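Asker: Here you go, one structure.
Please note: Cβ atoms are built from the backbone with ideal geometry, for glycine as well, and neighbour counts cover all protein chains shown. Read-outs: derived from the displayed coordinates by stated rules, not from any lab.
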Amino acid sequence: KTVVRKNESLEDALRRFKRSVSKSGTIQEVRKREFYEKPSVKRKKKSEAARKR
Amino acid sequence: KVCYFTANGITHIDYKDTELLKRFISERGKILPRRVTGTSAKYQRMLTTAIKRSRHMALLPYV
Amino acid sequence: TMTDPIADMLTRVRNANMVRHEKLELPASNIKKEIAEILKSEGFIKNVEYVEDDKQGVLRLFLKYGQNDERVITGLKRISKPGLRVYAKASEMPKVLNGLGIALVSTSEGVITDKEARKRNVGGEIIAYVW
RNA sequence: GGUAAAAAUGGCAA
RNA sequence: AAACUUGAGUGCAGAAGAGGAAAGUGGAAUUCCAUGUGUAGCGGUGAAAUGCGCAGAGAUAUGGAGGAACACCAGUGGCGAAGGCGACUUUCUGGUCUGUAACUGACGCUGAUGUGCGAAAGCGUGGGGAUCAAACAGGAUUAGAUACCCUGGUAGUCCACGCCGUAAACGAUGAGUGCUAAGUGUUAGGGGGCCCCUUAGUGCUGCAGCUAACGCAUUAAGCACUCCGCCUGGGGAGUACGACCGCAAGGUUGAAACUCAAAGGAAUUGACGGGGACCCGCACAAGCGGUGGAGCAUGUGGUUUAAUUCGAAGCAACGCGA
Ligand SMILES: [Mg+2]
Ligand SMILES: [Mg+2]
Ligand SMILES: [Mg+2]
Ligand SMILES: [Mg+2]
Ligand SMILES: [Mg+2]
Ligand SMILES: [Mg+2]
């Protein structure tokens, strides 16, 4: 939980908030589970994305 | 990076050893990937069973 | 598992010859030593050495490469096989490459070339053709 | 993240 | 007949693993139900609507019920004959790898017929039912829309025990064994000085050789030997008939008449694409003035006529040959 610092802008706090969300990866997870992907497809995506990484 | 367990000659990970385990988990309680930590394959497996055992006994958080 | 040790020997020779290896080592047997001795005698191979190993022995063959690295052995083929054994009468003994090559024959007079077999008028199992 | 929506058909020869 | 230890096993000392079966224990989330706060929408799409809500929805807070699946870890990572196997715990249980060299002493390989296992859907009996979702029903789209999209929704998806026996069940690559350049990553070991050597996997790159080519290349599609299965132009046809198996669905086996001169594989040059990149042109955009409406001139079509001469026909015929 980002807490606004003393003498810190809400906009500055918002920057900190956005970064923490990115590291958490909650957005990433949400998009993946929007629609069902068959087991074989899931495994392929995991592999090739890792190949990219 | 370097494997802590290999470097420090630790061959068994206790789920009861919370202090060690807290270093290998994220702030959200997520288990950290072995690339980031530098843990070996054999120890990533050991540690991870320990984290799951520790979470069961509420020594560590699930989230 | 291993079914034809003779065929293995000839393949090892073929494979080493392709890559122009100077020498090859193989597990030894009395038949394989006799085959090697004919190849040296016919000028296909330089030398044969036998090493005792407390198992079945080891044969070391040194291959011959002519000037310009031309290979003295062009080809080897197994004729008689475990799946199908091939025998010939002395009259029917085959000529390999019109006499340019040799046939190794197992006869009651020993393991010999096709020329010796025709001379001695003794036929037998055709082990292989070497040319 | 996206995404605009719709979007049919056309003789065999030479 | 007698030996041998290299194959194949056994012992001994180590190693890793989502291998399998059965109980038990968690946490996240979804749905529903119950209350509190609260208010005019929510939901959904390309846009909508159906739907839900004002009988207080959605949202937010807390509690309860139930089912299913296990984020992160997580990796051409691991294990398994294949199908497959991913929370954790315990119990039972299979296989594999390394080292050693106690022991046995060729005890091996393959494998017709057999006999078992075998994703998913499906079937039977009983149980369960959160989510998702064939069928089905609305809404929408459309020329139509028995679809795609939206709101719902039953079987089914789950469990047990039987049945079915099939998948692009794929590496479209049968099994065993040996041999044949290197380089690099990774998993589980072993050995010797971070480096080197080595065993068994798992990837990438790449010789020789092979291949129609694409490619393969110690994880061969190279070079060899053993054994098994399978092929012999396309269609008809995996159909017919018979047989066997199945509760059924169907499975396995499996023709012919007739008909054609082709079916095909790979690669090449083009063309094309509701493929991509990059660029242009009054192509669009930004503007200005027109045409299509009126009268008339003129060409054309058509119709008419004795003849309305002939030629031009999307752009690139039609105030065109003239
Ligand atoms: Mg056409
Ligand atoms: Mg099923
Ligand atoms: Mg639907
Ligand atoms: Mg089949
Ligand atoms: Mg390897
Ligand atoms: Mg006008």
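Asker: What's the total number of residues in the range C:79-95 that are surrounded by fewer than 20 Cβ atoms within 10 Å (Cβ to Cβ) and farther than 30 Å from C:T1 by Cβ?
Answerer: The qualifying residues number 6.
Residues checked against (1) touching a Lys or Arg at 6+ places or on another chain (Cβ under 9 Å); (2) among the β-branched types (V, I, T); (3) within 15 Å of RNA strand E (Cβ to nearest atom); (4) free of Cβ contacts under 8 Å to residues at least 24 places away in the same chain:
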{"site": "A:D12", "(1), (2), (3), (4)": "yes, no, no, yes"}
{"site": "A:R15", "(1), (2), (3), (4)": "no, no, no, yes"}
{"site": "A:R19", "(1), (2), (3), (4)": "no, no, no, yes"}
{"site": "A:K23", "(1), (2), (3), (4)": "yes, no, yes, yes"}
{"site": "A:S40", "(1), (2), (3), (4)": "no, no, yes, yes"}
{"site": "A:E48", "(1), (2), (3), (4)": "no, no, yes, yes"}
{"site": "A:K52", "(1), (2), (3), (4)": "no, no, yes, yes"}
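Asker: Check C:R78, C:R12 and return the single one that is under 18 Å from C:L104 (Cα atoms) and in contact (Cβ under 8 Å) with a residue 60 or more places away in the chain.
Answerer: Every option except C:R78 fails the conditions.
Asker: Which one of the conditions (1) away from RNA strand E (no atom under 16 Å from the Cβ); (2) farther than 19 Å from C:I6 by Cβ; (3) not aromatic (F, W, Y) does C:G124 fail to meet, given that it meets all the rest?
Answerer: (2) is the only condition that C:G124 fails.
Asker: Do we have any residue at all in the range B:52-62 that's within 14 Å of another protein chain (Cβ to nearest Cβ), closer than 21 Å to A:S24 by Cβ and of a type in the set (A, V, I, L, M, F, W, C)?
Answerer: no
Asker: Kindly indicate whether any position in the range B:1-22 is under 20 Å from A:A50 (Cβ atoms) and more than 8 Å from RNA strand E (Cβ to nearest atom).
Answerer: The answer is yes, given that some residue of the range B:1-22 is under 20 Å from A:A50 (Cβ atoms) and more than 8 Å from RNA strand E (Cβ to nearest atom).
Asker: Report yes if some residue within the range C:77-98 is assigned to a strand (DSSP E or B) and more than 8 Å from RNA strand E (Cβ to nearest atom); otherwise report no.
Answerer: yes
Asker: Looking at the range C:1-29, which of its residues are near RNA strand E (Cβ under 7 Å from one of its atoms) and either within 14 Å of chain A (Cβ to nearest Cβ) or in a helix (DSSP H, G or I) (or both)?
Answerer: C:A7, C:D8, C:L10, C:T11, C:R12, C:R14, C:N15, C:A16, C:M18
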